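Proteins get letters first, then strands, A, B, ... in listed order; numbering begins at 1 in each. Values reported hereafter were calculated over all heavy atoms of this structure, with side chains retained and with hydrogens, waters and symmetry mates removed.
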Amino acid sequence: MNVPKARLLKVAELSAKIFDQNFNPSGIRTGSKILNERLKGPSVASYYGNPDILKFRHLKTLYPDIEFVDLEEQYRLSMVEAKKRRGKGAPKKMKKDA
Amino acid sequence: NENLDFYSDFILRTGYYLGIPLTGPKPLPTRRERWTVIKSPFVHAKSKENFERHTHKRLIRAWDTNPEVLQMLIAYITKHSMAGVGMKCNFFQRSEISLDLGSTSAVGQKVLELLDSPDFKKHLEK
Amino acid sequence: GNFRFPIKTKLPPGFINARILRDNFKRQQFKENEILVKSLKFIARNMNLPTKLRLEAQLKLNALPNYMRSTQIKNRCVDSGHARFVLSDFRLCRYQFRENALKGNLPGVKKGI
Amino acid sequence: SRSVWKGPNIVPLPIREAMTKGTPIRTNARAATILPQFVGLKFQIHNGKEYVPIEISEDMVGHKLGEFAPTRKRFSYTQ
Amino acid sequence: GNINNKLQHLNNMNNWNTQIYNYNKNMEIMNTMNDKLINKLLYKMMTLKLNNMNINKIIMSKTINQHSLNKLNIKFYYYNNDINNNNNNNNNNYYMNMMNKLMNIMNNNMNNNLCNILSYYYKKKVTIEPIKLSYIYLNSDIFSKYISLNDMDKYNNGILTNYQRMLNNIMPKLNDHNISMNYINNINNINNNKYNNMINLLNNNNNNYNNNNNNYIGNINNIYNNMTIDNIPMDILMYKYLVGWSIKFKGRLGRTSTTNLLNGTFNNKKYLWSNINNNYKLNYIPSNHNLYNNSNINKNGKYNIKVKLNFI
RNA sequence: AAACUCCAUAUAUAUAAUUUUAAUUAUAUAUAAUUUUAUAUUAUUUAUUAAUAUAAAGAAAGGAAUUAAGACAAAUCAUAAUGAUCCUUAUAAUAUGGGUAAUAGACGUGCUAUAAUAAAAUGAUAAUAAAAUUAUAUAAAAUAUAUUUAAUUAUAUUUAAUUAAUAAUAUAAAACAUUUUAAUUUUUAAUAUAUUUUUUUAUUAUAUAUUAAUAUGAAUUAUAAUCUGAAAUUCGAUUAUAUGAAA
RNA sequence: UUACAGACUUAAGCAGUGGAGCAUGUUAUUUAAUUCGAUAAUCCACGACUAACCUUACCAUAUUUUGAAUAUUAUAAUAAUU
Ligand SMILES: [K+]
Ligand SMILES: [K+]
Ligand SMILES: [K+]
Ligand SMILES: [K+]
Ligand SMILES: [K+]
Ligand SMILES: [K+]
Ligand SMILES: [K+]
Ligand SMILES: [Mg+2]
Ligand SMILES: [Mg+2]
Ligand SMILES: [Mg+2]
Ligand SMILES: [Mg+2]
Ligand SMILES: [Mg+2]
Ligand SMILES: [Mg+2]
Ligand SMILES: [Mg+2]
Ligand SMILES: [Mg+2]
Ligand SMILES: [Mg+2]
Ligand SMILES: [Mg+2]
Ligand SMILES: [Mg+2]
Ligand SMILES: [Mg+2]
């Protein structure tokens, strides 16, 4: 506390130089914090998982010899045909050209 | 703890034959994580279920060993690791004060590029 | 042929709904423009620069699309898509967490004492 | 309350055309800060449903356009 | 004793389908999500077809993902009823049935094995070990999936009187009490065989000062005399006998109806008459009990099959 | 079913080269009680008994989970999933802004307060915790400003250590001691006085109003500044000066 | 219809609720919209462990039309096979 401020400022400046630190004696807002914050993009963008997962549609070309059946897809197609037979099918979609 | 303790015992046996003085496994404080849920899917926030997860920890220390032998230990125990066990290794290398040949951020680069673009140079003109 | 978002994006590998698609798109575009937004924010908040350059950066920041905004990312349940009471330790809503926990799907989760 | 050291909330607006032609400026940027240049110009400010016509005076500088385009109707009870 | 031996208790690590610990929590979450997605994908690879009228459905249990420091092992149990060539001939020795073709792409195929594709998804070496179960009532998960997906024509118009009868004669009604007491007698015999071995090896003397510090009793052979792999292992193994099983149905098979079939014992007396102590899996399920639920869709809608097995 | 269990507790062994230190600890395994014994008294189905007390031994006193059946055709189609039915240039999809924050009355649940067995200051060789958190971070010390010697509080500048039994969030708080405290002339002040002296006594002055709101209370509101964010207008948080309602 | 037993049910004690301000939920009303439930016990800081944008399910305006899926059949650009 009795150490003159000039002496303590000389130590701070030299110390900052040796340790590659930003010496801002005035205190002006410099934005240095923004330049030092970490990039969180990679972690944020992986929230929902790796998109390059093997999918059922890729199995018919990876393993041509084997014939796989998608029961969920097969069930859906049967429900579509059933509704067509009851007359409850879907209306034909309007074409933009019209 | 079961796989953790079994694997720790195996490390001590590997080290002995490698000539590595080993201490442990020292048990470190178990971490407990807790989550409280409401059992019902929609309402009834008065009945809450408790869930927890315990992280068991063990410390094995190696002494008075050369770096090459220490790497052999880590390689072998890695090759024969057990399910559900994780491993962190802190290596300590004593060195001389002065060595021979020794032992720019993306944001800063873009700032320089932006400050040279016309949308910014058109103002910096003095 | 007509993707709903301005830029082509890959689909998440698991459960999908419109809200998940919208949130995922914002996550991908935030990552592509994170550096750009940080560089403009630096110029706009650095008091050593002239006010004109600072105001130019602020104007450019206000003109960025909403899908580049970090504050618009919302954590959703990766199994159901629900965006309320989502535990970040598992990225699941409370109900899906309980169901997965009791099935033994969460690596070290057991019922409390 | 935006920190004064950050400056005004400047938004892209067509002020040059409104100063050389006198046309009203239709905008949804209710957050925009009324800059001292805007004084005298005519703005049509969205309120969520309609665009409220408002001319800017010198006592409006510093405020934000949204402050002059109320978004709700006054409350009334069926007494 | 029970929890200090690998043959007398289930390791708690097996209570979880993903067996992993990563210091990087984000990578742990990612690995967990990858295990669920691959599990779903594998469920879609079990249904195979040779011709329009030859669809072979392989019933697969949930996967056990063993994450070690160097590799990931994906272990699952599967049941397949070979209905295409169930003969007494050796014609199956000259062709690969569809189930063998499916199992050989997991690891054997040199160009497009599923392990190499997954090794890039996980960024670590991956192995897949399919284990064949010959009965559908040895795994609660396989049993529920079979009923739900294959026995629908038996319980869609009520539970057939023959269907229920078959689900009640699966196992002979073993006497749990004598099996429990036989197990405890074997343990006592083994424990008394080792104590006698040491007592004799000490009374026969196999530095008096050193005779107060060391505890080395003598040659390993004498301490373990008459305790070999041919008589100790198979007698101490637990959960070896199915002693109870309950199969429930529910849903619409115009109102939902529930039918419950209960047959056998749902407890273990090995824990009562002995110091052996029971353990709860995930802290709420008794170790002996294995419960699984499988749902499917019919004309009316969703119906659930809840099966519970008690192995002691 | 209960128990057998698991937790807590007590104890033993093992582990830690006791500077990752808390060994007064950590966590693996094992043991222990659902306590036991003696005596007197009162009842009994009077005996090899209960209720009681007395004596002795003991650390021993608490918890969780533990499943079967049925009902309310109780909640949920808005955690996700299924049938039927309906929409398909729209009841699907995207963007900008607005709304979900409106305000007569009413209801539920909270917070703060209405003063003296209770509020406010101050307490640095730093009174005394536990359980958690920190790679989609926790942020020390220091300096600068508000702002005054300094401290305190807030923010800025800077970003030490630690991705952790190590460093940080974080010197716990109440407690306790001293001082102060409107209503209260129960005070304060001027003289004199004392063997109550941080105090006593005497004589003067110290207000009036007043069932009442103060040095209680902190709602409301003015102005300025700050924090997060691309953005704080509808509609966020903090600080300073001023405002000071009901109770 | 009888008789039993149980609890059911009060009391005592501590601090509260019911009164003021504010916070919050609900109702009612309003509104272009004030999203939708739950809404006696068993709703009412409940769904919701955080509504400025996002979240969002509502409103106004503008805009997209096989759209996020699977398959069929064409067309191409590309790499292998032959
Ligand atoms: K110590
Ligand atoms: K809003
Ligand atoms: K008080
Ligand atoms: K403390
Ligand atoms: K007052
Ligand atoms: K505001
Ligand atoms: K806003
Ligand atoms: Mg958010
Ligand atoms: Mg309802
Ligand atoms: Mg609301
Ligand atoms: Mg202290
Ligand atoms: Mg500090
Ligand atoms: Mg202190
Ligand atoms: Mg105090
Ligand atoms: Mg006050
Ligand atoms: Mg009053
Ligand atoms: Mg009240
Ligand atoms: Mg919107
Ligand atoms: Mg909104």
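Comparing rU76(F), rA48(G), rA225(F) by their closest approach to the side chain of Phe85(C) singles out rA48(G). Minimum atom distance to the side chain of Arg38(A) is reached by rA135(F), of the listed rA135(F), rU27(F), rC43(G). Of the candidates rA231(F), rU159(F), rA102(F), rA231(F) carries the atom nearest the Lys64(D) side chain, counting heavy atoms from C-beta on. Checked against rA164(F), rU55(G), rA65(F), the side chain of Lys88(B) finds its nearest nucleotide in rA164(F).
Comparing the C1' positions of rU155(F) and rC227(F) gives a spacing of 8 Å, expressed to the nearest Å. Nucleotides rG217(F) and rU187(F), compared at atom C1', are 24 Å apart to the nearest Å. Straight-line distance between the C1' atoms of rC77(F) and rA38(G): roughly 15 Å, to the nearest whole Å. The gap from the P atom of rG16(G) to that of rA131(F) amounts to 32 Å, rounded to the nearest Å. Only the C1' atoms considered, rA3(F) is 10 Å distant from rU66(F), to the nearest whole Å. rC107(F) and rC87(F) have their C1' atoms separated by 40 Å, with the value rounded to a whole Å.
In this structure, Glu34(C) does not pair ionically with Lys31(C), as no charged nitrogen and carboxylate oxygen lie closer than 4.0 Å. For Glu49(B) and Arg98(C), the salt-bridge test passes: some basic side-chain N is under 4.0 Å from an acidic carboxylate O. The existence of a salt bridge linking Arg58(B) and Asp5(B) is confirmed by a sub-4.0 Å separation between a basic side-chain nitrogen and an acidic carboxylate oxygen.
In this strand, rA78(F) does not stack on its neighbour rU79(F) by the test of ring centres under 5.5 angstrom and planes under 30 degrees. Neighbouring nucleotides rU162(F) and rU163(F) do not stack on each other, since their six-membered rings fail either the 5.5 Å centre distance or the 30° plane angle limit. For the consecutive nucleotides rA132(F) and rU133(F), the six-membered rings of the bases sit within the stacking limits of 5.5 Å between centres and 30° between planes.
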message = Under the criterion side chain to side chain donor-acceptor pair (under 3.5 Å), I'd like the reasoning laid out for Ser295(E) against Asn304(E): C-alpha separation, chi angles, the key distance, then a yes or no.
response = CA-CA 4 Å; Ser295(E) 64; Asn304(E) 181 43; 5.2 Å; no
key: Full working for side chain to side chain donor-acceptor pair (under 3.5 Å) between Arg27(C) and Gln72(C)   = CA-CA 9 Å; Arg27(C) 287 172 182 276; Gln72(C) 288 207 355; over 6 Å; no
task = Tell me, with the steps shown, if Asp23(C) and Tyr47(A) meet side chain to side chain donor-acceptor pair (under 3.5 Å).
result = CA-CA 10 Å; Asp23(C) 188 55; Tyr47(A) 187 85; over 6 Å; no
inquiry  = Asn24(E) vs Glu28(E), test: side chain to side chain donor-acceptor pair (under 3.5 Å). Steps then yes/no.
reply    = CA-CA 7 Å; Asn24(E) 185 1; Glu28(E) 189 184 316; over 6 Å; no
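Mapping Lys95(A) and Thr71(D) onto RNA chain G by nearest heavy atom places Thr71(D) closer to the 5' end of the strand.
Scanning atom types as modelled, one donor and one acceptor separated by under 3.5 angstrom connect the side chain of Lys93(A) and the base of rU65(G). Taking only distance into account, the side chain of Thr78(D) never meets the base of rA28(G) through a donor-acceptor pair shorter than 3.5 Å.
The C1'-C2'-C3'-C4' torsion of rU184(F) is negative, so its sugar falls on the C2'-endo, or south, side.
Centroid-to-centroid, the aromatic rings of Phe51(B) and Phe97(C) come within less than 6.0 Å.
Protein atom NE2 of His82(C) is 16 Å distant from nucleotide atom P of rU76(F), rounded to whole Å. Atom NZ of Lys60(A) is separated from atom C1' of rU70(G) by 9 Å (rounded to the nearest Å). Per the geometry, CG belonging to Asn3(B) stands 19 Å off P belonging to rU27(F), to the nearest Å. One atom, CG of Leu59(A), and another, P of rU70(G), lie 12 Å apart when rounded to the nearest Å. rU5(F) atom P lies 17 Å from atom NZ of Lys269(E), rounded to whole Å. One atom, CG of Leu40(C), and another, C1' of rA230(F), lie 10 Å apart when rounded to the nearest Å. Between the CG atom of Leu13(D) and the P atom of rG97(F) there is a distance of 13 Å, given to the nearest Å. In this structure, the CD1 atom of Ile38(B) is 11 Å from the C1' atom of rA45(G), given to the nearest Å.
Residue contacts shown for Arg57(A) are limited to sugar-phosphate atoms, with no base heavy atom under 4.0 Å away. At a threshold of 4.0 angstrom between heavy atoms, the contacts of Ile16(C) include nucleobase atoms, whether or not backbone atoms are also involved. As judged by a 4.0 angstrom heavy-atom cut-off over every strand, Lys60(C) is placed among residues making no nucleic acid contact. Using a 4.0 Å heavy-atom distance criterion, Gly66(D) is classed as a base contact. In this structure, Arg34(B) reaches the sugar-phosphate backbone alone: every heavy-atom distance under 4.0 Å involves primed, P, OP1 or OP2 atoms, never a base. Counting any heavy atom pair closer than 4.0 Å across all strands shown, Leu272(E) reaches a base atom. Looking at heavy-atom distances under 4.0 Å, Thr71(C) makes contact with a base. Among the protein residues, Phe23(A) comes within range of no part of the nucleic acid, since none of its heavy atoms lies under 4.0 Å from any strand. At the heavy-atom level, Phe5(C) lies under 4.0 Å from the strands shown only through sugar-phosphate atoms.
Remark: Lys38(C) pairs with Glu37(A) by the salt bridge (charged side-chain N to carboxylate O under 4.0 Å, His left out) rule, at least two apart or across chains.
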What pairs of nitrogen or oxygen atoms, one from the protein and one from nucleotides 107-109 of chain F, lie under 3.5 Å apart?
none

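Open room surrounds CG on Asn275(E); 12 or fewer heavy atoms of other groups in view lie less than 6.0 Å from it.
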request  = Would you mind building the protein contact string for nucleotides 11-23 of chain F? One character per nucleotide, 5' to 3', B for base within reach (heavy atoms under 4.0 Å), S for sugar-phosphate only, - for untouched.
outcome  = ----BBB--B---
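The aromatic ring of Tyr77(D) stacks onto the base of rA104(F), its centre lying under 5.5 Å from the centre of the six-membered base ring with the two planes under 30° apart.
For the residue pair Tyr303(E) and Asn298(E), no side-chain donor N or O sits within less than 3.5 Å of a side-chain acceptor on the partner.
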